[PDB]
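J.: Next up is a structure, given as structure tokens.
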Amino acid sequence: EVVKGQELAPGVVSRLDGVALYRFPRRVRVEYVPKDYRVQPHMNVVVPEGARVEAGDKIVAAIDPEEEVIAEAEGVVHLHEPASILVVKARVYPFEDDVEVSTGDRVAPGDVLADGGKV
């Protein structure tokens, strides 16, 4: 949750409020009861932000089935070097169930987005 005029980084500052999603991860740190990987232009993550990993769970995939970020001993997502961060006056609705709404439809306050009738 980024605030208006906040320092997204020591180089640029936001103009509006709302959520500011990040673009590309150049580096991703992990935490074990902690190493760190390095993503490349052709590689991309498949796991959300700040999520715990299992013993063997695919983290950051790529075009090469070899040399990939594989799971380990209880990790945690901690992105570090984003490519860009565009902000949007949108609201965050965390869902853990099923998604009913289609990506490309206008909704109004009240209408159920997902999770049966929670979110």
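J.: Within the range 31-46, can you find the residues that are hydrophobic (A, V, I, L, M, F, W, C) and over 23 Å from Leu8 (Cβ atoms)?
T.: Within the range 31-46, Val33, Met43, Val46 qualify.
J.: State the number of residues belonging to the range 39-62 that are more than 16 Å from the chain's Cα centre (by Cα), under 18 Å from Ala83 (Cβ atoms) and assigned to a loop (DSSP other than H, G, I, E, B).
T.: 3
J.: Would you point out the residue of the range 35-58, among those that are within 13 Å of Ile70 (Cα to Cα) and of a type in the set (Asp, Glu), that is surrounded by the most Cβ atoms within 10 Å (Cβ to Cβ)?
T.: Step by step, filter the range 35-58, then rank; the result is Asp57.
J.: As an exercise: evaluate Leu86 against (1) touching a strand residue (DSSP E or B) at 6+ places or on another chain (Cβ under 9 Å); (2) among the aliphatic types (A, V, I, L, M); (3) in a loop (DSSP other than H, G, I, E, B) and give the number of the one condition it does not meet.
T.: With (1) touching a strand residue (DSSP E or B) at 6+ places or on another chain (Cβ under 9 Å); (2) among the aliphatic types (A, V, I, L, M); (3) in a loop (DSSP other than H, G, I, E, B) applied to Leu86, the lone miss is (3).
J.: Let me ask something additional. Can you tell me which residue is surrounded by the most Cβ atoms within 10 Å (Cβ to Cβ) among those in the range 81-106 that are over 18 Å from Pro48 (Cβ atoms) and hydroxyl-bearing (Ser, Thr, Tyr)?
T.: Ranking the candidates gives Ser84 first.
J.: Consider only pairs whose beta carbons are under 9 Å apart and that are at least six residues apart or on different chains; among these, list those whose first residue lies in the range 77-94 and is of a type in the set (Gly, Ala, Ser) and whose second residue is in a strand (DSSP E or B).
T.: From the range 77-94, the pairs are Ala83/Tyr22; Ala83/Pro25; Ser84/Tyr22; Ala90/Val19; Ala90/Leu21.
Rule-based calculations on the coordinates, nothing more; no lab input. Neighbour counts run over all protein chains shown; Cβ positions are idealised from the backbone, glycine included.
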